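Asks: got a sequence here, can you model it:
(8 chains)
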Amino acid sequence: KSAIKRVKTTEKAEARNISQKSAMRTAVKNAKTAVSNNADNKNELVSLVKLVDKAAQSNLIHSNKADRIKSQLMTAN
Amino acid sequence: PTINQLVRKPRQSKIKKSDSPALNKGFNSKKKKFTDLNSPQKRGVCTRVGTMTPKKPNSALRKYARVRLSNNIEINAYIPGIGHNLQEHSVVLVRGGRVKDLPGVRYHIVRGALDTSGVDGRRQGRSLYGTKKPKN
Amino acid sequence: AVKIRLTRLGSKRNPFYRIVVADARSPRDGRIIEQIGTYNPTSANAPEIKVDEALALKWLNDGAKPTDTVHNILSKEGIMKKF
Amino acid sequence: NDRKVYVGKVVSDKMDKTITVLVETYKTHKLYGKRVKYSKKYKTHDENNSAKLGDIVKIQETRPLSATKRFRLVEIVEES
Amino acid sequence: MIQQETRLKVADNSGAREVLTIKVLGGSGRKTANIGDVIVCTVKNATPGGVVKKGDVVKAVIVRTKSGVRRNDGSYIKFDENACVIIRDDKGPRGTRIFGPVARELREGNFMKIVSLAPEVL
RNA sequence: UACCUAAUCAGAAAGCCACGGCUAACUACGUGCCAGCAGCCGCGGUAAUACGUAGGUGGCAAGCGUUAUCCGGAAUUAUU
RNA sequence: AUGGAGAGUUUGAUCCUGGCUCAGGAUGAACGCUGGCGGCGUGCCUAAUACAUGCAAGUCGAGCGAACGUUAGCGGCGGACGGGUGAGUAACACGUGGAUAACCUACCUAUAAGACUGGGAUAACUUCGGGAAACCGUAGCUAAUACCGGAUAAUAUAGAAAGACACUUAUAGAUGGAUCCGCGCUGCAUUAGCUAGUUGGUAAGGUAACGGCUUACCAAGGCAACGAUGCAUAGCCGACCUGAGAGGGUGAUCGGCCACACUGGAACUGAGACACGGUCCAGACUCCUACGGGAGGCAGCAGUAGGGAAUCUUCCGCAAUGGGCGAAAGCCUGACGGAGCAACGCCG
RNA sequence: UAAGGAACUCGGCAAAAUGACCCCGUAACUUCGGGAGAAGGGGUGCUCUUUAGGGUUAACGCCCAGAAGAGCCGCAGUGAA
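Replies: Residues are numbered from 1 along each chain as shown, chains lettered A, B, ... in the order given. Take a look at the structure below.
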């Protein structure tokens, strides 16, 4: 009766539109592109702030994967 | 070549033959294999009437009505006692027991069991041999 | 949601409940995070409330309450009046 | 937290700074009672210190970073 | 144009897989037969199990033929191979399922049972 | 509606088995290699209390004979 | 050492090795029945026997649009968990430890956290051509503690939507899995052998991890007796008898785990599956029939059919013990409880 | 030469199938030679790249085709005998 999304939702969270997941994948496609082109998107590492007004304000990515890119960023400055 | 031996002969158990060749039988029809289920008694199909007249330590005309049981099996069965079933082509429980020194028949037949119970002549049993009608 | 669930384990029709820091998603035999000895409600011996929640003091700060509605069972374990 | 003492004898010796080491493990029959033995097989990243057939080596616990080498230590316990 | 010594492929699950025409019922002198005609044949190839065994004389009805029949409106409809269905005595299928399309000329032959099990009817 | 000493109406421990036995167990008839009995014994071609009925007897326990499943039996791939 | 241990069987009696015909208890039992009364328990043991069923479990504004605390239905939320039978892994799968330079640790509640910053808008409401149901058309919309990244803390040394008189980065309180070896695993004589990147080498990645995973290349009769490699196939354990101990057994229980969900196979946004009643694909099945369709738990309960010398009612309740919904309240439950059940042992 | 495929006939008589190269795969039996081309299953045109086979050759010029790809065309590529 109650839609499950806290227990075994491995395939329950993998059964709808992936447009937003694909759109977020295109935004994280410049991970090495901006680093190889020296973009200003990864500039000013005092913020990325990216822990005082980013994660909660507006964020929609992965966990461990993002954490890897959330280590060098938000701390470099 | 190079095919030598290492492991020697161990202490194997003596060869033995299972007794009562009529129990633990179950020929499959979907796999055509003997599906054992540890059954101490099967069914039967009385379709013959024996007449073992000559013998050795009997000095009397005996008999052995070969009755085919379940799992496509045929054994020389025999009805022990005076019970004379008059119902042919009918299931008959195979008495759980073999004969004693009787060349030919090597199995017994349970009295009654969805067939001719028997006669009320005897009344000293009141337990087996299709006994009934308890005298008062 | 993580209270002191009474682990119902032992023989049939007589489970020996043992108050332990368990979750609400794992009832009866689930997962104990902070075991608290065991409660004996046999009412035929002296040692009854033999709960050892010495390491369960950290549990009472972010997720700790009653699972099997045991107020008098937790009444003996008076570890409050200090906050 | 630290390392272990995987001291043993190196029998095989490959190239590209790679070689396997032999350990030792006791074994007894719980049902019977006869005492036997068994040797474990673990490779170790050595250079020239760890030899073979005699030269013993005291390998310590460390990052594997190999297909078989679980520990890496050139510390030799002997030299054939 | 199914005549004598003609091999057809059974289009049902009755056990048979191939039959051989033995005679075309309909009258003395009858040579060939088309869709909606009953014929006597023998099983030449059967599958393990089923109700019909090899070397059996049964009756079947044609449902598909290389040479298609002509309609009264001036239309035609030819198939790719000949096929039939082993029927009973009261025009009843001996199987339980039909495979492939079926001609709409079986509706005039009082074969509702066979025409109500065919996936397609054209 | 446990054990219950209470009203205290009268609501019933029978049984089946060996009985010459082996193995704690029987008398008369009827049988008489006809049938029964029938693990071990065997008892049936005449005096089978071994048979079948009656009076019974030894056992045990609300019952009794039966079928397939470990170990007393006994070391019996030995291992003591 | 609470300290086993009859015969026959062979002359006409015999000793002596040897094997069981045979002086007993046990008998998940049924049984032909003479089965007074009962506390307690097991009961398709014969049966992963086929399939009509009663049938999984409903909800919520402290945060929003009926006529009238949530009443409009969106959003928080077990269908995989209660369960069911155990053919299925001759083996870390379970039984059984430290552990992890094989390690992830999503997660569950407290405090930092100042309700910040880009927002339109969303189901209901409903403009709604038809269709036997077997589905397109005509389409505007309106919400809600539904809800949107960069510059100011975390491996540097390149913060929000709002609670009553909710809250978010950091993390704690807490939390689920992958792993090393030490432990359970048949023999073939009427088979006597098996791995070749078998045996070790490091580099394209990425997941609980090194990585013989592939990465460049690497040996001869080498591996293997440790029968590896073939089979045997079984759900594993905590257990009860047992020689008197020396020997020997080693699972019905009842819970953990490991499974399964017509048959397979490939994929599918929200918090830890292959899903006991979501997908698609195929196969042989289920049945009515508007020519199109629906498909099957009965592997949730109780039944019709199966052959069982050998086994539970298509009965009441959520007392309670539950947990999931859910400011309380509300609200859920063939989970579970109570009655039919047979000498199933009742011993008085 | 439409459907069919020995129903023809004393009898598959006479047609019709098969066929060259290349690659894979090959049974019973046996006097150990054989059976065996057993059976059976694939491939073949033209253009451009590569990097390489004996070379006429320094040469992989050029050419005989060795591989390895990428393309183009027809109903059909030992397109005939």
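Asks: can you name the residue of chain E nearest to RNA strand G?
Replies: residue E:116 (4.7 Å; Cβ to the nearest atom of the strand). (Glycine included, C-beta is placed from N, CA and C.)
Asks: look up how far RNA strand F lies from that residue.
Replies: 55 Å (Cβ to the nearest atom of the strand, to the nearest Å).
Asks: ok, now which ones touch the residue most central in space within chain A?
Replies: When Cα atoms, centre = their mean is applied to chain A, the residue found nearest the centroid is residue A:61 (2.8 Å). Contact partners of residue A:61, counting by Cβ atoms under 8 Å, 6 or more residues apart in numbering or on different chains, are A:24, A:28.
Asks: what about it, helix or strand, and which?
Replies: Following DSSP states H and E, there is no helix or strand that holds residue A:61.
Asks: mind listing what residue 5 touches?
Replies: The chain I'm using is chain A. Per Cβ under 8 Å, 6+ apart, neighbours of residue A:5: A:12-13.
Asks: should've been chain E
Replies: E:20-21.
Asks: Three-state assignment for it, please.
Replies: State at residue E:5, reduced to three classes by DSSP: H, G, I helix; E, B strand; the rest coil: coil.
Asks: could you check how far it is from residue E:62?
Replies: Per Cβ to Cβ, to the nearest Å, residue E:5 is found 15 Å from residue E:62.
Asks: about what we covered before: now do the residue nearest to the centre of chain A against residue A:43, distance only.
Replies: 19 Å.
Asks: that older thread, what about the residue of chain E closest to RNA strand G, neighbour count?
Replies: Using other Cβ atoms under 10 Å in any protein chain shown, residue E:116 has 10 neighbouring residues.
Asks: how about the most centrally placed residue in chain E, what does it touch?
Replies: Centrality entry for chain E: nearest residue to the mean C-alpha point is residue E:84, 2.0 Å, by Cα atoms, centre = their mean. Applying Cβ under 8 Å, 6+ apart, one finds that residue E:84 lies in contact with E:8, E:10-11, E:19, E:39, E:41, E:60-63.
Asks: and if you look at residue B:69?
Replies: Residue B:69 touches B:22, B:25, B:42-45, B:75, B:94, counting by Cβ under 8 Å, 6+ apart.
Asks: kindly report the same for residue C:32.
Replies: Applying Cβ under 8 Å, 6+ apart, the residues contacting residue C:32 are C:5, C:7, C:20-22.
Asks: ok, and which of those reach RNA strand F?
Replies: Contacts with RNA strand F are made by none of the contacts of residue C:32, judged by Cβ under 7 Å from any atom of the strand.
Asks: count of neighbours near whichever residue of chain C sits closest to RNA strand H?
Replies: Across chain C, no residue is closer to RNA strand H than residue C:25, which sits at 53.8 Å (Cβ to the nearest atom of the strand). Neighbour count for residue C:25, taken as other Cβ under 10 Å: 11.
Asks: same check on the one 10 residues further on?
Replies: When neighbours are defined as other Cβ under 10 Å, residue C:35 has 18 of them.
Asks: for residue D:23, give me its contacts.
Replies: Here residue D:23 is in contact with D:6, D:8, D:39-42 (Cβ under 8 Å, 6+ apart).
Asks: relative to residue B:51, how far out is it?
Replies: Using Cβ to Cβ, we find residue D:23 at a distance of 80 Å from residue B:51.
Asks: stretch E:2-13 close to RNA strand G?
Replies: Yes. Judged by Cβ under 7 Å from any atom of the strand, stretch E:2-13 comes into contact with RNA strand G through residue E:13.
Asks: same check, this time on stretch B:107-126
Replies: Yes. Using Cβ under 7 Å from any atom of the strand, stretch B:107-126 reaches RNA strand G at B:112-113, B:126.
Asks: any idea what the residue sitting nearest the centre point of chain D is bridged to?
Replies: Residue closest to the mean C-alpha point of chain D, counted by Cα atoms, centre = their mean, is residue D:21 at 3.2 Å. On the basis of DSSP bridges, residue D:21 is bridged to residue D:42.
Asks: you'd agree it is up against residue D:10?
Replies: Yes. Residue D:21 lies in contact with residue D:10 (Cβ atoms under 8 Å); the separation is 5.1 Å.
Asks: between those two, what contacts are shared?
Replies: D:44, D:50, D:57.
Asks: near RNA strand G, list only the ones from those.
Replies: Answer for those near RNA strand G: none qualify (Cβ under 7 Å from any atom of the strand).
Asks: possible to save these as JSON lines with distance to residue E:29?
Replies: As requested, these are exported to JSON lines (distance: Cβ to Cβ, whole Å):
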{"residue": "D:44", "distance to residue E:29": "98"}
{"residue": "D:50", "distance to residue E:29": "102"}
{"residue": "D:57", "distance to residue E:29": "104"}
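Asks: how about the contacts made by the residue of chain B found nearest RNA strand H?
Replies: Closest to RNA strand H within chain B is residue B:1: 21.6 Å, counting by Cβ to the nearest atom of the strand. By Cβ under 8 Å, 6+ apart, the contact set of residue B:1 is empty.
Asks: helix, strand, or coil at it?
Replies: With three-state DSSP as the basis, residue B:1 sits in coil.
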